[PDB]
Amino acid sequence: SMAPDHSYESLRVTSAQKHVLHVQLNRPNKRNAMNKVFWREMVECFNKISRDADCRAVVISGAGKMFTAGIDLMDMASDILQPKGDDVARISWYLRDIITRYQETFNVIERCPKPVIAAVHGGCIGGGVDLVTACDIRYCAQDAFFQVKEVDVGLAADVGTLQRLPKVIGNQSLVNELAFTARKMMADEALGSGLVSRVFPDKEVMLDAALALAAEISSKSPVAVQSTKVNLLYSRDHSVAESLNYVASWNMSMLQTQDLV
């Protein structure tokens, strides 16, 4: 069923099981290319889900033949080929604002305390990698691939891939080679490197597994699960001593839940 609070041009949001929302990228005719409305609707959607007491986990997938072809290069041209501002300095301030806004599209996934699972089939290109590396857990079909395309287009990726990809897998030689060459990384290598936790034969089976996972997470104490995501995120970005201090301050209130007794 269609989730009622959620009406979007570029996204389709459904209740997939109790406490589980399924957010589907929904421009299959355009291979889910990320146009301007997408960047704005993701922010709207995520922020809603974060405030949704009924939602305990999210799955993100793509409609059609592939997860995403990445940024709508028609729309990306409008911003870069006609930039507002007189001299270079004023164009700089303008472009910085744009980059920061697009970063927010994926930040909202991280800021959402409900776990978010990426279920990727077919291509996940450019902006798609910025998306899935901001999700907590990644699954894919056997036909999936991941590509840090930005270098081919003529820029260092700036909406999250270079910030999150190196922190979600161990092999930095591989991270560097993908970012510098824009080569496609296919499903078995995605699994071998730990970019995905599991590979499935096809999209249908992948989606069933991702929803089963989300159902399993939904069965746990929401206070516990959401406190866990908050604290894992914190730990990624701070020393162990700082993160130990933070969890003590976090759980001093959270241990006072009915879910515990």
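Residue numbers run from 1 along the displayed sequence.
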Which has higher Cα B-factors on average according to the PDB entry: 102-110 or 77-85?
77-85
Residue 42's Cα B-factor: lowest, middle or highest third of the chain?
lowest
Once the chain's modelled residues are ordered by C-alpha B factor and cut into thirds, is residue 11 in the lowest, middle or highest one?
highest
Using the B-factor values recorded in the entry, state whether the Cα atom of residue 184 falls in the lowest, middle or highest third among the modelled residues of its chain.
middle
Split the chain's modelled residues into thirds by Cα B-factor; is residue 231 in the lowest, middle or highest one?
middle
Relative to the other modelled residues in the chain, which third contains the C-alpha temperature factor of residue 164: lowest, middle or highest?
middle
